[PDB]
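Student: Next input, structure requested:
(chains A and B, ligands or ions: 2)
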Protein chains: 2
Amino acid sequence: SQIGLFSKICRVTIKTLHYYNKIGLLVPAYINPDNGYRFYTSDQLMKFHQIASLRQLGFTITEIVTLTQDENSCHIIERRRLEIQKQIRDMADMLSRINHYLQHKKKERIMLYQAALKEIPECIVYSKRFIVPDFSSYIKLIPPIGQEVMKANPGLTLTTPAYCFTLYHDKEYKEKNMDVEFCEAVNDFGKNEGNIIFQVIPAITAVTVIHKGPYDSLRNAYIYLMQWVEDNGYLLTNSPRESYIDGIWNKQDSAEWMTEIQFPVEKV
Amino acid sequence: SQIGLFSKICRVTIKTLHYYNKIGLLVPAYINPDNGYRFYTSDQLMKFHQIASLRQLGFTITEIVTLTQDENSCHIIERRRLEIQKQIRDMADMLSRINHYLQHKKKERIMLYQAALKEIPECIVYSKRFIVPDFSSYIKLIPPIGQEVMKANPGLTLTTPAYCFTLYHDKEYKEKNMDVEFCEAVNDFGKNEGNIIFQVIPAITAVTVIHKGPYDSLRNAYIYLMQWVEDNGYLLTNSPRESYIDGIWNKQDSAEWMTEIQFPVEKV
Ligand code: 118
Ligand code: 118
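Tutor: Numbering: from 1, shown residues only, chains lettered A, B, ... in the order given. Ligands and ions are numbered 1, 2, ... in the order given. Let me share the structure:
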């Protein structure tokens, strides 16, 4: 059976048979030496059937070489079983994500906020946890802390890139009784004089959305994020953070400012 | 903020930012013409955030380059949703097949048969449907059926490759007095003579198993295939075909016989 007839028997292209010969997966029975023409037999169709049966299960080519040459190799198929289970979980989450994205673009003509699930590493921060009467009053008392901590810790260099955020330790919603904890990441340990202390903040996977503009609309992102958090079945494992990209330090106009709200979540 | 500090903000590789810049997506703010350095600003971070959100959604890069600026293009999102649904369906299929594979390999030392789905086209066959008392009498009676057909039709040329097969239109296991229909696909129309007719057999999606051995033990294969259709949640849509590829006519050794069982099947 010449390669054309055989390629139509097994119903696959010629280049596929060329490739399977090139990698040594399916070798013709008899190659004519001067022309190089490949001729197969029935016992090449018998092997191509096994090859295609394994290849419909997603096995990579080298995995098929091993599956056909090494017997009692059930650990590689089980490994592939676990990987396929992981991709099914991931694809179902993707389904929920794309349903929510389509649900939004029909709900609003503009996508104001996209939600990204990113991993944030562990940090070394100086932290002050305290009650706040008003979030507007919360903004002013931070540069005093900036003076104070650099005073008490000489030569303490903050991490680059700068990570300056807020934990919201409140389990429900209110506007004037916010129990917050301001954390900012530095390089080394330090002195703990004052309400300012040092602590290690563990690495977390968190869904974050970046809101750009003034802070009075920031709650929007939270409602959105909360929707997201409930829609895709994620569970909020820790208190929500808010990391400051743009603000009074870089830029003077308060409408081009930008913060990023981060929800610590776990997949359940 | 050079590309290193920006790549450390997003926790992304320098090569990814390079690739994005090459493709036109996420062009940086300032490319210094003396040394070609790349400086990024936080607005580029805001753009990269939605880039990373879509890349976390499964969207290919050309789809992100078309989605990040032409904000009206929405049909491409239900289209991606349909692609993901197709993949989830096929992955669930694959998962059922891998679990069935694992149970069967843990069962027996030797994997005798290996099922594979393939799309068999429609084909113009000549057919003869009739009753047989046993399998051996049937095996002996096919060749005179072929001889009668080649005599009654002058100029009848078979199709290459030779798709010559039979159908068991019974639904339960009938060992004797079988209602069997032999058929073979030909090049073009002939004239109906006797009880042999011509017709066009429609294209199917068939789960196939190649039996190597004498014909009286093809039965095993069917049971296996049956388990495969009940286990992996497929459904037998039509009478099972059995195609003869290699056998007593081409090689007189009984142990080099090849028959390709084809269950017409549909997904549930
Ligand atoms: C110590 C404590 C706070 C700040 Sb900053 C800041 C943070 C990261 C990168 C640049 C600046 C600040 C504010 C105004 C003027 C100058 C610096 C800051 C304040 C509130 C909330 C978040 C960050 C700086 C040092
Ligand atoms: C019409 C009917 C049967 C056969 Sb064949 C056969 C040939 C090629 C591929 C598959 C089957 C046959 C028999 C003798 C000499 C040459 C060809 C055949 C034989 C036994 C059982 C079933 C079919 C051929 C034409």
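Student: all strands of the stretch 51-200 of chain A, in order?
Tutor: Along the stretch 51-200 of chain A, the stretches classed as strands by DSSP state E, counting those that start in this stretch are A:116-120, A:123-131, A:164-168, A:179-186, A:197-201.
Student: Kindly reformat those as a markdown table containing distance to residue B:99 and mean neighbour count.
Tutor: Where you see a C-beta, it was placed from the backbone N, CA and C, and this is true even at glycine. Output for the strands of the stretch 51-200 of chain A, formatted as a markdown table (distance: least, Cβ to Cβ, whole Å; neighbours: other Cβ atoms under 10 Å in any protein chain shown):
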| stretch | distance to residue B:99 | mean neighbour count |
| --- | --- | --- |
| strand A:116-120 | 29 | 17 |
| strand A:123-131 | 43 | 17 |
| strand A:164-168 | 44 | 20 |
| strand A:179-186 | 46 | 20 |
| strand A:197-201 | 42 | 15 |
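Student: For chain B, find the nearest of the ones you listed.
Tutor: strand A:116-120 (4.2 Å; Cβ to the nearest Cβ).
Student: Touching the closest one from outside, list them.
Tutor: A:203-209, A:262, A:265, B:11, B:49, B:52-53, B:56 (Cβ atoms under 8 Å, 6 or more residues apart in numbering or on different chains).
Student: what distance separates the start and the end of stretch A:106-119?
Tutor: The first residue of stretch A:106-119 is 29 Å away from its last residue (Cα to Cα, to the nearest Å).
Student: any idea whether residue A:242 is helix, strand or coil?
Tutor: When classified by DSSP: H, G, I helix; E, B strand; the rest coil, residue A:242 comes out as strand.
Student: what do you get for the one 3 residues further on?
Tutor: Reducing the assignment at residue A:245 to three states with three-state DSSP gives strand.
Student: Count the neighbours of the residue lying closest to it once chain neighbours are set aside for me.
Tutor: Closest residue to residue A:245 apart from its sequence neighbours, by Cβ to Cβ, 6 or more residues apart in numbering or on different chains: residue A:258 at 4.6 Å. By other Cβ atoms under 10 Å in any protein chain shown, the residues close to residue A:258 number 19.
Student: Tell me the bridge partners for residue A:258.
Tutor: Note on residue A:258: beta-bridge partners by DSSP bridges are residue A:212, residue A:246.
Student: That one and residue B:67: what is the separation?
Tutor: 22 Å (Cβ to Cβ, to the nearest Å).
Student: could you pull out the helices for the stretch 101-250 of chain A?
Tutor: If DSSP state H, counting those that start in this stretch is used as the criterion, the helices of the stretch 101-250 of chain A fall at A:135-140, A:142-152, A:219-231.
Student: So for residue B:71, which of the ones you listed sits nearest?
Tutor: Residue B:71 sits nearest to helix A:219-231 of all the helices of the stretch 101-250 of chain A, at 17.4 Å, using Cβ to Cβ.
Student: ok, back up a step: out of the strands of the stretch 51-200 of chain A, the one nearest ligand 1 is which?
Tutor: strand A:164-168 (4.0 Å; Cβ to the nearest ligand atom).
Student: any bit of that closest one sitting next to chain B?
Tutor: No - Strand A:164-168 lies out of reach of chain B by Cβ under 8 Å from any Cβ of the partner chain, never closer than 13.0 Å.
Student: Contacts for that strand, please.
Tutor: With Cβ under 8 Å, 6+ apart as the criterion, strand A:164-168 contacts A:129, A:178-185, A:238-244, A:262.
Student: Apply 7 Å and report the result again.
Tutor: A:178, A:180, A:181, A:182, A:183, A:184, A:239, A:240, A:241, A:242, A:243, A:244 (Cβ atoms under 7 Å, 6 or more residues apart in numbering or on different chains).
Student: In a markdown table: these, plus distance to residue A:253.
Tutor: Formatted as a markdown table, the contacts of strand A:164-168 follow (distance: Cβ to Cβ, whole Å):
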| residue | distance to residue A:253 |
| --- | --- |
| A:178 | 25 |
| A:180 | 25 |
| A:181 | 28 |
| A:182 | 24 |
| A:183 | 26 |
| A:184 | 24 |
| A:239 | 30 |
| A:240 | 26 |
| A:241 | 25 |
| A:242 | 20 |
| A:243 | 20 |
| A:244 | 15 |
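Student: out of these, who's near ligand 1?
Tutor: A:184, A:244 (Cβ under 6 Å from any ligand atom).
Student: from the contacts of strand A:164-168, which two are the most distant?
Tutor: A:178 and A:184 (18.0 Å).
Student: Find the closest residue to ligand 1 in the stretch 101-250 of chain A.
Tutor: For the stretch 101-250 of chain A, Cβ to the nearest ligand atom, closest residue to ligand 1: residue A:146, 3.0 Å.
Student: From residue A:152, how far off is residue A:195?
Tutor: For residue A:195 relative to residue A:152 (Cβ to Cβ), the value is 12 Å.
Student: out of those two, which sits in the more crowded spot?
Tutor: Each of residue A:195 and residue A:152 has its neighbours counted (other Cβ under 10 Å); residue A:152 has more, 15 against 11.
Student: give the contact list for residue A:186.
Tutor: A:124, A:125, A:126, A:156, A:157, A:158, A:159.
Student: hey, which of the helices of the stretch 101-250 of chain A is tucked in deepest?
Tutor: helix A:219-231 (a mean of 16; mean count of other Cβ atoms under 10 Å in any protein chain shown).
Student: hmm, who's touching that one?
Tutor: For helix A:219-231, contacts defined as Cβ under 7 Å, 6+ apart pick out A:96, A:100, A:113, A:115, A:207, A:209, A:211, A:236, A:261, A:263, A:265.
Student: unless I'm mixing things up, the last one is touching residue A:206, no?
Tutor: This points to residue A:265. Yes - the criterion here is Cβ atoms under 7 Å, and residue A:265 meets it with residue A:206 at 6.4 Å.
Student: so how far is residue A:234 from the residue in the stretch 151-268 of chain A positioned nearest to ligand 2?
Tutor: For the stretch 151-268 of chain A, the nearest residue to ligand 2 under the criterion Cβ to the nearest ligand atom is residue A:267, separated by 54.8 Å. Residue A:267 sits 6 Å away from residue A:234, going by Cβ to Cβ.
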